[PDB]
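**Student:** Just dropping this structure here.
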Amino acid sequence: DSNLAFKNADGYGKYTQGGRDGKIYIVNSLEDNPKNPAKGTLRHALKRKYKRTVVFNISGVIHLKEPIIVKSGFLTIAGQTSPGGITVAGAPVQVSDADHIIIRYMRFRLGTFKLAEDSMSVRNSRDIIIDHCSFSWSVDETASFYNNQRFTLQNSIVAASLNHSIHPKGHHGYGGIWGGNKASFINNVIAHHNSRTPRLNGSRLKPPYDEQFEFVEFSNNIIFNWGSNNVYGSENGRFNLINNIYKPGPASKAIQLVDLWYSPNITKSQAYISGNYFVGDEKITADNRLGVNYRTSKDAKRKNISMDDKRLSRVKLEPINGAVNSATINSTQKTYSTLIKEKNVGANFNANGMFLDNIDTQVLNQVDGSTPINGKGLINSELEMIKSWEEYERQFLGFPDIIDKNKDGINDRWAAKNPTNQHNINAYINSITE
Ligand SMILES: [Ca+2]
């Protein structure tokens, strides 16, 4: 209850500790020096080895010259402390074999620079929760979260991968590879991807736990304007897929809820698939199995799962290991209202209050149909979406400074107004978004 990572944390990573018991680290520069990272920069902060909450007394775009690989856990990245808001560009932040990490109110937008990379990834970790973040403009995949234990991605925008870009192997507009050992993916908007929205990992890619623990819950997400495929994969992995919203856009070719790949080591009750709303297909909506495809063999094509196939479970599945911290599942109607009308998704606060940047705002408005989409809606470059990087950054620079004379990461003016509590960094950070 008070062990929760934060007030509305849910799903299998909801009890992640992050850096709640650590030092405060203030990032006060947008610079990056991969060779000698200076104190006060993101690279230096994330490479520290002690428990830490990283806060931001700076706003705008951090142009990474190289990836940051995060190996040391007990980390909270409190992106909502930034006066106007932080975007990480140029190279990915890659979490690798780490424990207890909370990441909130952060933007990861690779852009078209020198790497054919993801915007962000988390791998081989455990006790991870990512909340209210925005991911976009990748060359490899936008956001990849696989082979982690006790993981939650919630209330995030994963959108607008770069399709025909600079990847060696050709066009490559992919949402991400999602999987884990009890991993929740809930209340997310996944929009404008040629494919992999997400690609469910299954037991693949050198897992550090055995395949009978590969277990994913995917619920209350909105997938919009996928391309040739949407959700697919999950070889020999189980999953619940409940009360998601599927809304074809002008690029969408596959009309399905999932493309289940060949899974010889599971013969019954591999997935539970129910309550999903397919915009513009009343038959899939009324009976979800009409949108479920299965691959008979390693090289078989997509065909409709046969209707009495027991691969599909009658009841919601549960992981076989430990606490079933499954997320609360709401109706598809409430989900649409919350993410698209209330816009309670993505990096939607800074230290000065609510704020959804123009890129995220456009994406949600296009989902809703209140703003038009040019063509298929699958971009090849962020420069179709922004005039220039310098121009995209300006919007984050026009918010009032957060005065922090004593350098404790607490807004001096909030300290003056909360005397009995003025040194409580947790209570200050909660105040920002509550
Ligand atoms: Ca202060």
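Naming scheme: A, B, ... for chains in displayed order of the structure tokens; residues 1 onward per chain; ligands 1 onward as shown.
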Go through the chains and note each residue within 6 Å of ligand 1, using only C-alpha atoms and all ligand atoms, then give the set as a PDB file with C-alpha atoms, in the first residue's frame.

**Tutor:**
```
ATOM      1  CA  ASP A 404      16.054  25.444  -5.339  1.00  0.00           C
ATOM      2  CA  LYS A 405      18.529  27.636  -3.413  1.00  0.00           C
ATOM      3  CA  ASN A 406      19.531  24.961  -0.881  1.00  0.00           C
ATOM      4  CA  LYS A 407      19.865  22.306  -3.643  1.00  0.00           C
ATOM      5  CA  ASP A 408      17.725  19.628  -1.977  1.00  0.00           C
ATOM      6  CA  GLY A 409      15.622  18.970  -5.086  1.00  0.00           C
ATOM      7  CA  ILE A 410      12.570  20.491  -3.375  1.00  0.00           C
ATOM      8  CA  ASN A 411      10.850  23.516  -4.903  1.00  0.00           C
ATOM      9  CA  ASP A 412      11.705  26.291  -2.409  1.00  0.00           C
TER      10      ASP A 412
END
```

**Student:** Between A:173, A:349, A:374, A:123, which has the minimum distance to residue 205 (chain A) (counting only C-alpha atoms)?

**Tutor:** A:123

**Student:** Fewer than 4 positions away in the same chain doesn't count, so skip those; otherwise give me all residues within 10 Å of residue 227 (chain A), counting only C-alpha atoms, as a VMD selection string.

**Tutor:** chain A and resid 173 to 174 191 to 197 248 to 255 376 to 378

**Student:** Residues within 8 Å of residue 32 (chain A), please, as a ChimeraX atom specification. Count only C-alpha atoms; anything in the same chain fewer than 5 positions from it doesn't count.

**Tutor:** /A:37-38,41-43,62-65

**Student:** Report the distance between CA of residue 144 (chain A) and CA of residue 212 (chain A) in Å, rounded to one decimal place.

**Tutor:**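 CA of residue 212 (chain A) lies 21.1 Å from CA of residue 144 (chain A).
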
**Student:** What does the structure give for the distance between CA of residue 130 (chain A) and CA of residue 160 (chain A), in Å to one decimal?

**Tutor:**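 Value for the CA of residue 130 (chain A)-CA of residue 160 (chain A) distance: 18.9 Å.
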
**Student:** With distances taken over only C-alpha atoms, which residue among A:35, A:44, A:167, A:289 lies nearest residue 66 (chain A)?

**Tutor:**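 When distances to residue 66 (chain A) are compared using only C-alpha atoms, the smallest one comes from A:35.
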
**Student:** Please identify which residues in region 23-235 of chain A DSSP calls strand (DSSP E or B) from the backbone, and express them as a count of residues only.

**Tutor:** 94

**Student:** Pick out the residues sitting within 7 Å of residue 51 (chain A), and hand them over as a PyMOL selection string; count only C-alpha atoms, and ignore anything fewer than 2 positions along from it in its own chain.

**Tutor:** chain A and resi 19+21-23+49+74-75

**Student:** Store the residues picked out above, limited to N, CA, C and O atoms, as a tab-separated table (two decimals), in the first residue's frame.

**Tutor:**
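As a result, selection_39.tsv now contains:
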```
chain	number	residue	atom	x	y	z
A	19	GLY	N	14.54	4.27	-6.36
A	19	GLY	CA	15.48	4.93	-5.47
A	19	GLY	C	14.83	5.64	-4.30
A	19	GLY	O	15.28	6.72	-3.91
A	21	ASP	N	14.85	5.10	-1.22
A	21	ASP	CA	15.71	5.17	-0.04
A	21	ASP	C	17.12	5.67	-0.34
A	21	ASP	O	18.04	5.41	0.45
A	22	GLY	N	17.32	6.38	-1.45
A	22	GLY	CA	18.64	6.77	-1.90
A	22	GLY	C	18.92	8.26	-1.79
A	22	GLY	O	18.11	9.05	-1.31
A	23	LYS	N	20.13	8.62	-2.24
A	23	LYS	CA	20.55	10.01	-2.41
A	23	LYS	C	19.69	10.67	-3.48
A	23	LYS	O	19.16	10.02	-4.38
A	49	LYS	N	26.29	4.12	-8.73
A	49	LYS	CA	26.05	2.76	-8.24
A	49	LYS	C	25.16	2.71	-7.01
A	49	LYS	O	24.61	1.65	-6.70
A	74	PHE	N	18.04	0.33	-8.14
A	74	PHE	CA	17.61	1.20	-7.06
A	74	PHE	C	17.68	2.65	-7.53
A	74	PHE	O	18.33	3.51	-6.92
A	75	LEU	N	17.01	2.90	-8.65
A	75	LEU	CA	17.04	4.17	-9.35
A	75	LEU	C	15.60	4.63	-9.59
A	75	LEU	O	14.76	3.84	-10.03
```

**Student:** Write out as a PyMOL selection string which residues come within 7 Å of residue 134 (chain A) when counting only C-alpha atoms, dropping same-chain ones fewer than 4 positions away.

**Tutor:** chain A and resi 106-108+156-158+346-347

**Student:** I need the residues from that last selection saved to file as a short mmCIF file (atom, residue, chain, number, x, y, z; two decimals), in the first residue's frame (with N, CA and C atoms), if you can.

**Tutor:**
```cif
data_model
loop_
_atom_site.label_atom_id
_atom_site.label_comp_id
_atom_site.auth_asym_id
_atom_site.auth_seq_id
_atom_site.Cartn_x
_atom_site.Cartn_y
_atom_site.Cartn_z
N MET A 106 9.14 10.87 -18.63
CA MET A 106 10.33 11.01 -19.45
C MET A 106 9.92 10.84 -20.91
N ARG A 107 10.62 11.52 -21.82
CA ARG A 107 10.43 11.33 -23.25
C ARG A 107 11.70 10.69 -23.82
N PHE A 108 11.53 9.67 -24.66
CA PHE A 108 12.63 9.02 -25.37
C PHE A 108 12.32 9.09 -26.86
N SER A 156 1.60 5.02 -20.94
CA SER A 156 2.65 5.55 -21.79
C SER A 156 2.22 5.63 -23.25
N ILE A 157 2.91 6.49 -24.00
CA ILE A 157 2.68 6.64 -25.43
C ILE A 157 3.91 6.08 -26.15
N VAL A 158 3.69 5.07 -26.99
CA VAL A 158 4.71 4.47 -27.83
C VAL A 158 4.23 4.67 -29.26
N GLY A 346 1.23 9.18 -21.34
CA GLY A 346 2.44 9.85 -21.78
C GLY A 346 3.02 10.75 -20.70
N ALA A 347 4.15 11.37 -21.03
CA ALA A 347 4.80 12.33 -20.12
C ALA A 347 3.95 13.60 -20.08
#
```

**Student:** Please, which residues in region 160-272 of chain A fall within 8 Å of region 111-117 of chain A when counting only C-alpha atoms, and what is the closest atom pair and distance in Å to one decimal for each, ordered by chain then residue number, as JSON lines?

**Tutor:**
```
{"residue": "A:165", "atom": "CA", "partner": "A:112", "partner_atom": "CA", "distance": 7.6}
{"residue": "A:166", "atom": "CA", "partner": "A:116", "partner_atom": "CA", "distance": 6.4}
{"residue": "A:167", "atom": "CA", "partner": "A:116", "partner_atom": "CA", "distance": 5.2}
{"residue": "A:168", "atom": "CA", "partner": "A:116", "partner_atom": "CA", "distance": 7.7}
```
